[PDB]
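Labels below follow one simple rule: chain letters A, B, ... track the order of the sequence lines, proteins then strands, and each chain is numbered from 1. Because only heavy atoms are used, hydrogens play no part in the values below, and waters and symmetry mates are left out as well, while side chains stay in.
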Amino acid sequence: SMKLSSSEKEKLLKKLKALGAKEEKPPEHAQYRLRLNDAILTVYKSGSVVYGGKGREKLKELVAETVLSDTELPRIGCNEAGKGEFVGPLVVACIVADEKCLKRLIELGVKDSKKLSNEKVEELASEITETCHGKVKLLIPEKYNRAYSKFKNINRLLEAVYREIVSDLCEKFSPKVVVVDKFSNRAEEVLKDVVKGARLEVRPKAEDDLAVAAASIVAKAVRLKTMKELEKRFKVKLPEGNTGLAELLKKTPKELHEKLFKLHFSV
RNA sequence: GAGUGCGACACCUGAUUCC
DNA sequence: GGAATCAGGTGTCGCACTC
Ligand SMILES: [Mg+2]
């Protein structure tokens, strides 16, 4: 389920009441629950909005209208995966959302990839990339390790990667807003001068933004796909996160380390 | 030692909808 | 009994940064 902002929750509630919806007793941690005919809408205090009952089409459209009314388009959301994992690639993804893309993300109930299973992520990423334009920078470990040699700091590397993608996408698409996770204290500073006239937002919990969340899903799916390829390529079994790393280091032939791991890590 | 942000991974428990 | 959605919480492992 997607996450509504504070203003959207309030505007959605008013809108649904204004066309007759009946308030019902909300479940634990929910803000409100409305019935419209036989369709149920539940909005959690977190902002997550959940459809229930039957004939959910009218509810879905009303939510879409609400989110569309206060979301400036076109916009870009930016996110990375594989940053803190010793094994496998670093992936930076940016998604450009126009109206058709935004409506799609809403329909899909898109949210932060951290809250999604692997199968859900792969499924959603293909739905996303079928509708939205975007750009992905993939750094498999062999490439990552070379890039890291020049930067000697992951934030500096991330800055360079984001700066290039965002600059190119802004020149091409000229969005009204650019939103990105605060991945370093210097990220705003680096991105400020490549976004042209767009409003730039660098902030924590950036995945509350639909386009940022869509980007987290794409970046994560690219990582998962690459992890599988690395496994078949080097005939090795790999953990998606940081588990069993000391043993994995010993098990893995030394000449494959630069091809599988982020060597600068101390694990 | 304690935090913040980013990246995760692995679990527990409760609620809701539909069949 | 099955599919799914949400929420509150626990632990572990990394890079960067602050006190
Ligand atoms: Mg991410």
Side-chain angles (χ1 to χ4, degrees), chain A residues 1-4 9 24 26-36 38-53 55-56 59-60 63 78-93 107-118 121 124 139 141 144-145 147-148 151 153-159 161-162 179-190 201-204 206-208 212 215-217 219-224 227 238-246 248-249 261-267:
Chain A
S1 294
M2 81 164 287
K3 176 161 303 190
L4 303 168
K9 292 188 297 183
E24 296 189 355
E28 313 180 344
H29 302 292
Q31 191 158 325
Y32 59 76
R33 175 183 155 126
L34 298 153
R35 182 178 303 270
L36 194 70
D38 298 303
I40 302 169
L41 180 102
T42 300
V43 169
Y44 284 86
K45 295 182 182 190
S46 65
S48 301
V49 51
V50 178
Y51 312 102
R56 304 183 293 175
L59 290 188
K60 300 186 175 178
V63 174
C78 311
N79 197 268
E80 91 270 342
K83 172 190 178 300
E85 293 86 343
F86 176 61
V87 181
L90 167 68
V91 185
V92 178
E107 293 170 27
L108 289 168
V110 155
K111 62 168 184 187
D112 190 8
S113 72
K114 299 209 212 64
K115 320 261 259 194
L116 294 173
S117 75
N118 294 346
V121 159
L124 288 169
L139 291 171
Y144 174 91
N145 287 315
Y148 191 88
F151 290 108
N153 175 286
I154 196 166
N155 292 349
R156 304 297 90 80
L157 172 45
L158 281 179
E159 286 149 19
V161 175
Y162 272 102
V179 186
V180 53
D181 54 310
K182 184 185 174 175
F183 59 86
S184 75
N185 287 268
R186 219 180 287 189
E188 187 159 12
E189 172 170 328
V190 172
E201 299 294 338
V202 181
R203 63 181 173 235
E207 65 283 341
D208 287 1
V212 178
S216 72
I217 291 177
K220 181 61 167 183
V222 168
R223 174 174 162 84
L224 292 171
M227 286 292 274
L238 302 175
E240 174 64 17
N242 296 326
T243 50
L245 299 183
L248 181 58
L249 282 178
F261 314 132
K262 299 186 176 69
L263 291 186
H264 74 90
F265 278 43
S266 170
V267 295

*Ignoring backbone atoms, test whether A:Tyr148 places a side-chain nitrogen or oxygen under 4.0 Å from the OP1 or OP2 oxygen of C:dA16.*
yes

*Which atom of A:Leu224 lies closest to which atom of A:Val121, heavy atoms considered*: CD1-CG1, 4.0 Å

*asked:* On the side chain of A:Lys83, is there an atom forming a donor-acceptor pair with the base of C:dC15 - under 3.5 Å, no angle test?
replied: yes

*With no hydrogens and no angle check, is any side-chain donor or acceptor of A:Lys262 less than 3.5 Å from a backbone partner on A:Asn145?*
no

*Roughly how many Å is it from CG in A:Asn153 to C1' in C:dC15, rounded to a whole number?*
8 Å

*Looking at every strand, decide which applies to A:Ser184 at a 4.0 Å heavy-atom threshold: base, sugar-phosphate, or nothing.*
nothing

*To the nearest Å, how far apart are A:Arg33 CZ and B:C18 P?*
8 Å

*For residues A:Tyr51 and A:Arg56, report the shortest heavy-atom separation together with the two atoms involved.*
O-NH1, 3.5 Å

*Listed by chain and number, what are the side chain to side chain contact (heavy atoms under 4.5 Å, CB included) partners of A:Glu80, not counting sequence neighbours?*
A:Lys83, A:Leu90, A:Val92, A:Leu158, A:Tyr162, A:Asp181, A:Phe183

*Contact class for A:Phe265 (heavy atom, under 4.0 Å): base, sugar-phosphate, or nothing?*
sugar-phosphate

_C:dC13 sugar pucker (north/south) via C1'-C2'-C3'-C4'_ = north

*Nearest-Å distance, CG (A:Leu158) to P (C:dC15)?*
14 Å

_A:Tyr44: which of A:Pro26, A:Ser1, A:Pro27 passes side-chain contact (heavy atoms from CB on, under 4.5 Å)_ = A:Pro27

*Nearest-Å distance, CE (A:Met2) to P (C:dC6)?*
12 Å

*A:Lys115 has an atom NZ; how far is it from atom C1' of C:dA4, in whole Å?*
17 Å

*Nucleotide C:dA4, atom P - distance to NZ of A:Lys60 in whole Å*: 15 Å

*Note down the inter-axis angle between the two ends of the helix from B:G1-C:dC19 to B:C19-C:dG1, five pairs each, to the nearest 10°.*
30°

*A:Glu240/A:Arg223 ion pair, N-O < 4.0 Å*: yes

*asked:* Considering every strand and a 4.0 Å limit on heavy-atom distances, what is the contact class for A:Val49: base, sugar-phosphate, or nothing?
replied: nothing

_Nearest-angstrom distance from the residue atom CG of A:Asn155 to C1' of B:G5_ = 9 Å

*How does each nucleotide of nucleotides 8-15 of chain B score, in 5' to 3' order, for protein heavy atoms under 4.0 Å: base (B), sugar-phosphate only (S), or none (-)?*
SS----SS

*asked:* Whole angstroms only, please: what is the CG-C1' distance between A:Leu248 and C:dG14?
replied: 14 Å

*asked:* Looking at A:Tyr32, I'd like to know if the NZ or CZ of A:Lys9 sits under 6.0 Å from its six-membered ring centre while staying within 45 degrees of the ring's axis.
replied: no

*Minimum heavy-atom separation for A:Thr42 to A:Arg33, with atom names?*
OG1-CG, 3.8 Å

*With sequence neighbours excluded, tell me which residues meet side-chain hydrogen bond (donor to acceptor under 3.5 Å, both in side chains) with A:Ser48.*
A:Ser46

